[PDB]
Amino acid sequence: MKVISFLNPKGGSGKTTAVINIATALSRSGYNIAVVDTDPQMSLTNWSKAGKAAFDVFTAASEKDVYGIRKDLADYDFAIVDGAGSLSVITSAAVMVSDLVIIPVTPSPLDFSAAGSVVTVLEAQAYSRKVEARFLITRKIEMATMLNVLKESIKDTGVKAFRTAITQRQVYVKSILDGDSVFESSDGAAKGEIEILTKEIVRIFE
């Protein structure tokens, strides 16, 4: 089993949106997926109350639930962790049990510092214990042609970003409100980037 966490204390960085759609993409590909919500607000948990998730959902009530992830979800192929809104104990717990940490970050030059705070935690571990990490660019508006500012900031951390960025689309907002994913919509563009993005994630473990 492999553990993937989507971490960034910054609210609205796209963690939950990414988790739902990527978890769905993985399930569609034949993987056995479990998603663990560690957010006190339980956005993902509530979303799953509609009962339309193509994967199993779990709600971490404390850091202890995150520690036992490798034992409790050993039967799954991937356990995907949806992050919280602060660099608390629950966040550190997520880092420690992860095989891969994905840092959703938008092109906002003012909000990059939040994503960088997660890198600081990751960079604290020894090389022999270093967790694999990637930036995932999210909420990128369609008219964006070249994000050199974001590129420089990312380059400065040393952590690589996925090639595929999650674009800003209302379908991402509507689907979650209906308790579904983009794979239940008619937006073929949204489904496309999520599919290619997922392939990149998989390739990391293959």
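Note that residue numbering follows the sequence shown and begins at 1.
Residue 76, modelled here, also has coordinates in every other compared entry of this protein that models residues flanking it, well short of the third needed to call it frequently missing.
Across the other entries compared, at least a third leave residue 143 without coordinates even though the residues on each side are present. Looking at mean Cα B-factors across 68 to 76 and 112 to 120, the upper value is held by 68 to 76. In this entry, the higher average B-factor at the C-alpha atoms falls on 51 to 59, of the pair 51 to 59 and 133 to 141. Per-chain ranking of the deposited C-alpha B factor places residue 157 in the middle third. Ranked against the other modelled residues of its chain, the C-alpha B-factor of residue 188 as given in the entry falls in the highest third. Looking at the C-alpha B-factors along this chain, the one for residue 7 belongs to the lowest third. Sorting the modelled residues of the chain by their CA temperature factor places residue 180 in the highest third. Among all modelled residues in its chain, residue 38 ranks in the lowest third by Cα B-factor.
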